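Residue numbers (UniProt numbering), protein chains in the order written: chain A, 612 to 620, 641 to 676, 689 to 709; chain B, 710 to 827, 854 to 1147; chain C, 856 to 953; chain D, 710 to 758; chain E, 1002 to 1050. Idealized CB from N, CA, C, for every residue including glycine. The structure appears below as structure tokens.
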Ligand SMILES: *[C@@H]1O[C@H](CO)[C@@H](O)[C@H](O)[C@H]1NC(C)=O
Ligand SMILES: *[C@@H]1O[C@H](CO)[C@@H](O)[C@H](O)[C@H]1NC(C)=O
Ligand SMILES: *[C@@H]1O[C@H](CO)[C@@H](O)[C@H](O)[C@H]1NC(C)=O
Ligand SMILES: *[C@@H]1O[C@H](CO)[C@@H](O)[C@H](O)[C@H]1NC(C)=O
Ligand SMILES: *[C@@H]1O[C@H](CO)[C@@H](O)[C@H](O)[C@H]1NC(C)=O
Ligand SMILES: *[C@@H]1O[C@H](CO)[C@@H](O)[C@H](O)[C@H]1NC(C)=O
Ligand SMILES: *[C@@H]1O[C@H](CO)[C@@H](O)[C@H](O)[C@H]1NC(C)=O
């Protein structure tokens, strides 16, 4: 539901509104279904719909020197 | 027979801004045209399916904007991080790299840009998919990669390389030998740093530098305002609000008046959406131009003249501004020049002698061969002159002597 | 019926002076006049750079200067003839106007 | 194992033609819709902006 | 209705004319002001001036 503060309608709240039926995983993977405002959702294993925080690619660092 | 070869250069840094996208909006037909009404909705029902392709077009525009930002910024696979000890030969990027001590991780020029640039009838604004800190992570990745790696992170794995050697190659790519860098490191460093500082001050003081972002926002708002201004006009009817028409009349003619309002508001919605379609087309053109600039300009040294700044091209750095990108192109410009006398060949033993790379200049009484973008003269030997023919057919040949490094050694 | 026609800001003399500047620059300077200060150069040396830029070496130009000059000139003349005779030369513009 | 190399050249000069700007017109709204009239302006003030 | 169709058609025409104007600007900067290497951008054959 878009933009409702969701006191008036599992339940999760975010900048885009509140979505019902999705467990907020603290992890982060490649985006599957764009939800909005940096959060997006997928269907992953029991097998459930989850809504997590997008990733930007695996971190890296190059051993620069002179 | 007169050639003018520059004897001194100057680095330059110039700003080019391109808008990427716009606001993702949406408008509900029934709530705008007949909000909280029953007779109005019944009358609107018999207009076929006009107000579903409106939402179709608007959703197309919104998802398109998300695609625009994605392809403009998300061209790096991993996320690189700049080294912990910054010793870049003398160059000072402290004004473009994100400062950790900042409250929000955005480098000072990005902060300057963010500061510089500044309803409820179903009108809804969906929020963008990417968020500004994610955009900051992308541009920091691009900057760290192009500072430690070079162009090699956009053609495979990212390979490290010092920074003075990277600029040695970036000169050697525009026909200037690299010894000019390795001997004017200090001068070039100072010109680089002072140029970036001037960029900060110039765009900070002058507030109309980035107008071609602000304009976008402005005009969008105007459209929306005009839209709501159409809910207070009576389009040739009795009044401008449904409740008064219903209360003060009967259905046999309330139907007619409501029909008039429906036609007027439907026409206003149609004009709004077609205008948005044309505007989105032009903004997509500029988004594709930004993507090409980021590919051929930020990830490589380009030769397409005046694509990447007036001058020969060296480097570029991206920064993000609200709904747009700003590039800082680092270019090279020759400054001080000098007259000389030029000659296309040198008949030495009867054979001509053309130069492999470099023109044949002279001051009053001595002939030298020098490269074509920096006065650096060497003596003429058989290591930079190749022979072809006999000295007849050229029009302009000039006698001289051409040294030979092997003669004195064989004369031991 | 309220159908005005504004006049263009630049006038055909102004754009004629622009294109004369571009021509005189590329004839006396080369490409060095679009990347900073304008630097003079003969014309055969400029043609030698143009030739050297596409793989062919320069001695071909400095030894076929005469022949290349004749080919250049005759080609320009036939351009004058071909776009002078044919009626459909300027079609790309005229459609716009129509 | 056979290669064919040229031994002579020829210079061409091809013309190429591009539009740049169209005609700058402008049309008044009320004068076109209907001008030199009163009922026009009175009735059209309520159509919108 | 007549005015609205006229102006929308004009907007689309102006858009494609702007596309051609940008193409001409790129050709004049990259080809008149510089030697080009990207084929068949500046006439069939290798490009000189
Ligand atoms: C409403 O939304 C805001 C988020 O901005 C939140 O602080 C607040 O807890 C929500 N509920 C109420 C009753 O305001
Ligand atoms: C080249 O230009 C700089 C100023 O931009 C000057 O300080 C430097 O001395 C010049 N080089 C020579 C040999 O004069
Ligand atoms: C780099 O530039 C900044 C100017 O913003 C200066 O304050 C800082 O001292 C410089 N740091 C180094 C290592 O040169
Ligand atoms: C070039 O330098 C001067 C001109 O200032 C000239 O007299 C001289 O003959 C030329 N050659 C050398 C080695 O100085
Ligand atoms: C340049 O022009 C002058 C006068 O026309 C002529 O005498 C001279 O031979 C020319 N210089 C060369 C190298 O051909
Ligand atoms: C060049 O050398 C030959 C023989 O030494 C001579 O005939 C010719 O006149 C010379 N040309 C000049 C300009 O000295
Ligand atoms: C090359 O082509 C031209 C065309 O007329 C011709 O005149 C010339 O004799 C040919 N041979 C050489 C060696 O250039």
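Closer than 7 angstroms: residue i CB and nearest ligand 2 heavy atom
i, result
"residue 717 of chain B", "yes"
Contact with chain C by residue i, beta-carbon distance below 8 angstroms
i, result
"residue 1047 of chain E", "yes"
"residue 735 of chain D", "yes"
"residue 720 of chain D", "yes"
"residue 716 of chain D", "no"
"residue 712 of chain D", "no"
Supposed close pair residue i, residue j - CB separation, criterion 8 angstroms
i, j, result
"residue 1136 of chain B", "residue 1101 of chain B", "Contact doesn't hold; Cβ gap of about 11 angstroms is too wide."
"residue 660 of chain A", "residue 691 of chain A", "No, residue 660 of chain A and residue 691 of chain A are not in contact; Cβ-Cβ is about 14 angstroms, not under 8 angstroms."
"residue 1042 of chain B", "residue 911 of chain B", "Actually they do not touch by this definition, with Cβ atoms about 19 angstroms apart."
"residue 905 of chain C", "residue 1049 of chain E", "5 angstroms"
"residue 967 of chain B", "residue 975 of chain B", "6 angstroms"
"residue 777 of chain B", "residue 1016 of chain B", "With 8 angstroms as the limit, residue 777 of chain B and residue 1016 of chain B do not qualify as a contact, their Cβ atoms being about 12 angstroms apart."
"residue 731 of chain B", "residue 856 of chain B", "Wrong, their Cβ atoms sit about 20 angstroms apart, outside the cutoff."
"residue 819 of chain B", "residue 1062 of chain B", "That pair is no contact at about 13 angstroms."
heavy atom of ligand 1 below 7 angstroms from residue i C-beta
i, result
"residue 618 of chain A", "yes"
Cβ neighbours of residue i in the same chain (closer than 8 angstroms, five flanking residues each side left out)
i, result
"residue 987 of chain B", "none"
"residue 792 of chain B", "883"
Contact with chain B by residue i, beta-carbon distance below 8 angstroms
i, result
"residue 702 of chain A", "yes"
"residue 707 of chain A", "yes"
"residue 746 of chain D", "no"
"residue 730 of chain D", "no"
"residue 758 of chain D", "yes"
Contact test: residue i Cβ vs ligand 3 heavy atom, cutoff 7 angstroms
i, result
"residue 937 of chain B", "no"
"residue 816 of chain B", "no"
"residue 803 of chain B", "yes"
Residues near residue i by beta carbon distance below 7 angstroms, same chain, minus five either side
i, result
"residue 665 of chain A", "671"
"residue 1138 of chain B", "1114, 1115, 1116"
"residue 879 of chain B", "789, 790, 791"
C-beta neighbour in chain E for residue i, strict 8 angstroms
i, result
"residue 827 of chain B", "no"
"residue 740 of chain D", "no"
"residue 883 of chain C", "no"
"residue 879 of chain B", "no"
"residue 1040 of chain B", "yes"
Residue i CB to nearest heavy atom of ligand 4 below 7 angstroms
i, result
"residue 1098 of chain B", "yes"
"residue 1101 of chain B", "yes"
Residue i beta carbon near ligand 7 (any heavy atom closer than 7 angstroms)
i, result
"residue 916 of chain C", "no"
"residue 1012 of chain B", "no"
"residue 1049 of chain B", "no"
"residue 922 of chain C", "yes"
Residue i beta carbon near ligand 5 (any heavy atom closer than 7 angstroms)
i, result
"residue 1130 of chain B", "yes"
"residue 777 of chain B", "no"
Interface flag, residue i vs chain A, CB-CB below 8 angstroms
i, result
"residue 938 of chain B", "no"
Contact set for residue i: own chain, Cβ-Cβ below 6 angstroms, skip 5 residues either direction
i, result
"residue 901 of chain C", "885"
"residue 972 of chain B", "992, 995, 996"
"residue 647 of chain A", "667, 668"
"residue 999 of chain B", "970"
Residue i: CB within 7 angstroms of a non-hydrogen atom of ligand 6
i, result
"residue 1043 of chain E", "no"
"residue 1082 of chain B", "yes"
"residue 919 of chain B", "no"
"residue 710 of chain B", "no"
Neighbour flag for residue i against chain D, beta carbons, 8 angstroms
i, result
"residue 942 of chain C", "no"
"residue 953 of chain C", "no"
"residue 964 of chain B", "yes"
"residue 823 of chain B", "no"
"residue 961 of chain B", "yes"
"residue 769 of chain B", "no"
Taking Cβ-Cβ distances below 7 angstroms as the criterion, which residues of the stretch 782–811 of chain B are in contact with chain A? Within the stretch 782–811 of chain B, the residues whose Cβ lies closer than 7 angstroms to some Cβ of chain A are 786, 787, 788, 789, 790, 792, 796, listed in chain order.
Counting only Cβ-Cβ distances shorter than 7 angstroms, please list the residues of the stretch 1022–1035 of chain E near chain B, keeping chain order. Result list: 1030, 1031, 1034, 1035.
With 9 angstroms as the limit, tell me which residues of the stretch 908–932 of chain C have their beta carbon closer than that to any beta carbon of chain E; keep them in chain order. Listed in sequence order: 908, 909, 910, 911.
Select from the stretch 888–901 of chain C all residues with a C-beta closer than 7 angstroms to any C-beta belonging to chain E, and list them in chain order. Only those residues of the stretch 888–901 of chain C whose C-beta falls short of 7 angstroms from the nearest C-beta of chain E are listed: 889.
Under 9 angstroms, CB to CB, which of the residues in the stretch 1006–1022 of chain E have a partner in chain D? Within the stretch 1006–1022 of chain E, the residues whose Cβ lies closer than 9 angstroms to some Cβ of chain D are 1007, 1008, 1011, 1014, 1015, 1018, 1021, 1022, listed in chain order.
Any residues in the stretch 662–673 of chain A with a beta carbon nearer than 7 angstroms to a beta carbon of chain B? Which ones, in chain order? Shown in chain order are the members of the stretch 662–673 of chain A whose Cβ falls below 7 angstroms from a Cβ of chain B: 665, 667, 668, 669.
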